[PDB]
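Asker: Chains as they are written, first to last, in the authors' numbering: chain 3C, 4 to 50; chain 5D, 4 to 438; chain 5E, 250 to 299; chain 5C, 101 to 150.
Take a look at this one; I'll ask things after.
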Amino acid sequence: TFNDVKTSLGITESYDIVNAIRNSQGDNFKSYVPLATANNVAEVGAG
Amino acid sequence: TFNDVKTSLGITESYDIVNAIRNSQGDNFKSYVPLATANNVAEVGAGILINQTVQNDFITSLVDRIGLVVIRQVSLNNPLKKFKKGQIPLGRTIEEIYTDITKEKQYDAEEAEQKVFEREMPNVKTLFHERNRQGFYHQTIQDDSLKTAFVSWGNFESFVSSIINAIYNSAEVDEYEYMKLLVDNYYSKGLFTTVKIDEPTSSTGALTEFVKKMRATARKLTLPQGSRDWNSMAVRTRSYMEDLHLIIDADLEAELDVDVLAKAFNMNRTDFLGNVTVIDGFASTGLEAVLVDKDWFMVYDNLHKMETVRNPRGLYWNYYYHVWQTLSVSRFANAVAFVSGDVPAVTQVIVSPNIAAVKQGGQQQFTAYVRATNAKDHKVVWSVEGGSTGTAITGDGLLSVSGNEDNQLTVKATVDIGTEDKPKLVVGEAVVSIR
Amino acid sequence: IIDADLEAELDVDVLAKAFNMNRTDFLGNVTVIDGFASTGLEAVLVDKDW
Amino acid sequence: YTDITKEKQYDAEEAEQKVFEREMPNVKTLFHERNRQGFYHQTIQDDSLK
């Protein structure tokens, strides 16, 4: 029983992909903007 | 997906048994010291509200897994279901008819000359009942979303079936609560005949005093001459003994069998006459027991359909279960009320024609039946509202009608209970046609 | 001629918790009515020729 | 365990908009875990008991 676990636990976020899609004015991440559930695949997608 | 939650969520602790075991040192918890794993049982053993992924003891990276899933299927029935009359396919209203006894006339061979051919109408009271309850039970099953909670199809089919039964359990429970409402509708309108008692819980004498009034009343319903005393339409009706139903709660049956029928040598002399129906309770203040005929209820079914629909977008079914029925009460049947509170001195005044058609210029006799709960005088005062010029009801209720009356009349009879400062009238009314 | 108040009170208070029914029963043929329209009159003994 | 529901009044004026309304079942769960985990120990020297 560990009871205070966050999803990160080892992660040095190099650039925070959640804000990176949310700020895309037409750069590289503008292909990740018409995805619906991109926030959820980004949240737990690394296992 | 919660947080730091505890195994102590919904627990108002009494005394910390873990402390009380180890610091017994003489107390009666010293049967628990040789139990080795007692702290583990005394922490989880109540049941955990919120599941936590417990790590394995040997290899901590493994998660301890759900080994058996238990679905607790239960059934709720209706106690008062046996009082249900039948069902109605077509038509809304039910008409009851009761013919009543009539008036003696003196012999007179002098007046019988021209009056061979005079006519008397029979004293017939009727009564009507409409469909009342019109309702449905609705709950959704999102079939594809609950596949995550179930690793098996057995636990998937038993759980979805348990959502079906919670609709049919909502039938038998909510229908039970309307028949507790018809009792508390009838008592709230003053249509039960109130038999004022004391509370049976306080004295065993007040329990046996209560058994006296019920067995007194259950014989008065069953005399072969009837009475006008126990209807709210005041007709001569005899209840048969086997149709009397007593609707005590559960507390008074335990007082009965332990304070009285335990120690009585003869149970046939202190039981409850008629039939005993044990329920939750009564919403009214002090309405402790109720005795009725079996034909007091006019409960009839109308409609029982299960209707289904599917949302393709959100991937769910909605189950609609429509329960329509006529829920009503015969006022032509005997029904009493064993009320332990302070009751009013008069509950109900009944006028013996509720429906009269008086020819313009003709006369009609009107008749109070004051349901005094005490044994006092309770003067009845008569009046006619809506009358144009004269129309003059007087005395015992002999109605007059003028030659120029065309209006519909309301004939009132009233009784003044309590003090004149706060008058609090009790009024019975009649409806008079004019031709 | 027993008013139904007194019949129930004979059964509850007296003929129950008693081992001998013939030793407390009301002497005579008991006929039960709903009560007399009078004041305080409860029961009535009469002969058959009354 | 799955609990009973609430009744709704028949009305075809509100049945126009709410055919796909979503009303949630009242399911409650408990969880019971393994709690007792212990052993009993008893030695027998056969030959010196002879």
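Beta carbons: idealized from backbone N, C-alpha and C, even for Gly.
When the cut-off is 7 Å and only beta carbons count, does residue 276 (chain 5E) lie next to chain 5D?
Answerer: So, not an interface residue.
Asker: Check whether the stretch 365-372 of chain 5D touches the stretch 253-260 of chain 5E, taking contact to mean three or more Cβ pairs, one atom from each stretch, closer than 8 Å.
Answerer: No: fewer than three Cβ pairs fall under 8 Å.
Asker: Distance check for residue 12 (chain 5D) and residue 144 (chain 5D), CA to CA, integer angstroms please.
Answerer: Each residue's alpha carbon lies about 29 Å from the other.
Asker: Would residue 107 (chain 5C) pass as an interface residue toward chain 5D - the criterion being a Cβ-Cβ separation below 7 Å?
Answerer: Judged by the 7 Å Cβ criterion, residue 107 (chain 5C) is in contact with chain 5D.
Asker: Please confirm whether residue 261 (chain 5E) has its beta-carbon closer than 7 Å to some beta-carbon of chain 5D.
Answerer: For residue 261 (chain 5E), the answer is yes, since a Cβ of chain 5D falls inside 7 Å of its Cβ.
Asker: Are the beta-carbon atoms of residue 175 (chain 5D) and residue 83 (chain 5D) separated by less than 7 Å?
Answerer: No, Cβ-Cβ distance for residue 175 (chain 5D) and residue 83 (chain 5D) is not below 7 Å.
Asker: Reducing DSSP to helix, strand and coil, say where residue 179 (chain 5D) ends up.
Answerer: Helix at residue 179 (chain 5D).
Asker: Alpha carbons only, please: which of 423 (chain 5D), 247 (chain 5D) and 390 (chain 5D) is nearest the one belonging to residue 435 (chain 5D)?
Answerer: Here the closest residue by C-alpha is 390 (chain 5D).
Asker: Counting C-beta neighbours from all protein chains within 10 Å, is the total for residue 217 (chain 5D) 16 or more, i.e. buried, or is it exposed?
Answerer: The residue is buried, with at least 16 neighbouring Cβ atoms inside 10 Å.
Asker: Per DSSP, which residues does residue 252 (chain 5E) bridge with? Please list them.
Answerer: Answer by DSSP bridge pairing, in chain order: 282 (chain 5E).
Asker: Just the chain 5E side, please: which residues come within less than 7 Å of residue 223 (chain 5D) by C-beta, in chain order?
Answerer: Chain 5E residues near residue 223 (chain 5D): 253 and 283.
Asker: Looking at chain 5E, is there any beta carbon in it that lies within less than 7 Å of the beta carbon of residue 197 (chain 5D)?
Answerer: Answer no: the Cβ-Cβ gap between residue 197 (chain 5D) and chain 5E never drops below 7 Å.
Asker: Curious, which full-length beta strand (DSSP E) runs of at least 3 residues does the stretch 314-397 of chain 5D contain?
Answerer: Fully enclosed beta strand (DSSP E) runs of 3 or longer: 319-329, 338-342, 349-354, 358-361, 371-375 and 384-388.
Asker: Can you pull the chain 3C residues whose beta carbon is under 7 Å from the beta carbon of residue 7 (chain 5D), in chain order?
Answerer: Result: 6 and 7.
Asker: Which of the residues in the stretch 43-69 of chain 5D, read from start to end, lie with their CB under 9 Å from any CB of chain 3C?
Answerer: Under the 9 Å Cβ criterion, the stretch 43-69 of chain 5D contributes 55, 56, 57 and 58.
Asker: Buried or exposed, going by whether 16 or more other CB atoms sit within 10 Å of the CB of residue 337 (chain 5D)?
Answerer: Buried, because 16 or more other Cβ atoms sit within 10 Å of the Cβ of residue 337 (chain 5D).
Asker: Could you check how far apart the C-beta atoms of residue 53 (chain 5D) and residue 86 (chain 5D) are, in whole angstroms? I think they sit under 8 Å.
Answerer: Not quite, the Cβ-Cβ distance comes to about 44 Å (not below 8 Å), so this is no contact.
Asker: In chain order, what residues of the same chain lie with their CB nearer than 8 Å to the CB of residue 58 (chain 5D), ignoring the 5 residues before and after it?
Answerer: For residue 58 (chain 5D), where only same-chain residues beyond five positions count, the Cβ hits under 8 Å are 64, 65, 66 and 67.
Asker: Residues of chain 5D with a CB under 8 Å from the CB of residue 114 (chain 5C): which are they?
Answerer: Neighbours of residue 114 (chain 5C) on chain 5D: none; closest Cβ ~12 Å, over 8 Å.
Asker: Could you check whether residue 431 (chain 5D) and residue 416 (chain 5D) sit closer than 7 Å to each other, using their CB atoms as the reference points?
Answerer: Yes; because the gap between Cβ atoms is below 7 Å, this pair is in contact.
Asker: In the DSSP assignment, find the beta strand (DSSP E) that holds residue 437 (chain 5D) and state where it starts and stops.
Answerer: Per DSSP, residue 437 (chain 5D) belongs to the beta strand (DSSP E) from 428-437.
Asker: Rounded to whole angstroms, what is the Cα-Cα separation between residue 35 (chain 5D) and residue 76 (chain 5D)?
Answerer: Straight-line Cα distance between these residues: approximately 35 Å.
Asker: Determine the DSSP secondary structure at residue 117 (chain 5D), reduced to helix, strand or coil.
Answerer: Three-state DSSP puts residue 117 (chain 5D) in a helix.
Asker: Since residue 97 (chain 5D) sits in a beta bridge, which residues does DSSP pair it with?
Answerer: Its beta-bridge partners are 132 (chain 5D).
Asker: Taking only beta-carbon atoms, is residue 291 (chain 5E) less than 7 Å away from chain 5D?
Answerer: Closer than 7 Å: no.
Asker: I need the straight-line Cα distance from residue 284 (chain 5D) to residue 438 (chain 5D), nearest angstrom please.
Answerer: The alpha-carbon atoms of residue 284 (chain 5D) and residue 438 (chain 5D) are separated by roughly 50 Å.
Asker: Should residue 118 (chain 5D) go down as buried or exposed, given a rule of 16 or more other Cβ atoms within 10 Å for buried?
Answerer: Label assigned to residue 118 (chain 5D): exposed.
Asker: Using a Cβ-Cβ cutoff of less than 6 Å, which residues in the same chain neighbour residue 210 (chain 5D) once the five nearest sequence positions on both sides are dropped?
Answerer: Taken in chain order, the residues that qualify are 203, 258 and 262.
Asker: Look up residue 292 (chain 5E) in the DSSP assignment and say whether it is helix, strand or coil.
Answerer: Residue 292 (chain 5E): strand per DSSP, three-state reduction.
Asker: Along chain 5C, in chain order, which residues have C-beta atoms closer than 7 Å to that of residue 20 (chain 5D)?
Answerer: Going along chain 5C, no residue has its Cβ under 7 Å from residue 20 (chain 5D), so there is no contact; the nearest lies around 14 Å.
Asker: From residue 32 (chain 3C) to residue 47 (chain 3C), what distance separates their C-alpha atoms?
Answerer: Roughly 19 Å separates the two Cα atoms.
Asker: Quick one: list the residues of chain 5D neighbouring residue 93 (chain 5C), beta-carbon separation under 8 Å, in chain order.
Answerer: Outside the shown range of chain 5C (101 to 150) lies residue 93 (chain 5C), about which nothing can therefore be said.
Asker: What does residue 35 (chain 5D) reach in chain 5C if we use C-beta pairs closer than 9 Å?
Answerer: Within chain 5C, no residue comes near residue 35 (chain 5D); the closest Cβ sits about 13 Å away, beyond 9 Å.
Asker: May I ask you to report which of helix, strand or coil DSSP gives residue 170 (chain 5D)?
Answerer: Here residue 170 (chain 5D) sits in helix by DSSP.
Asker: So, for residue 42 (chain 3C): in the same chain, excluding its five sequence neighbours on each side, which residues have a beta-carbon less than 7 Å away from its beta-carbon?
Answerer: Excluding residues within five positions, the ones whose Cβ falls inside 7 Å are 21.
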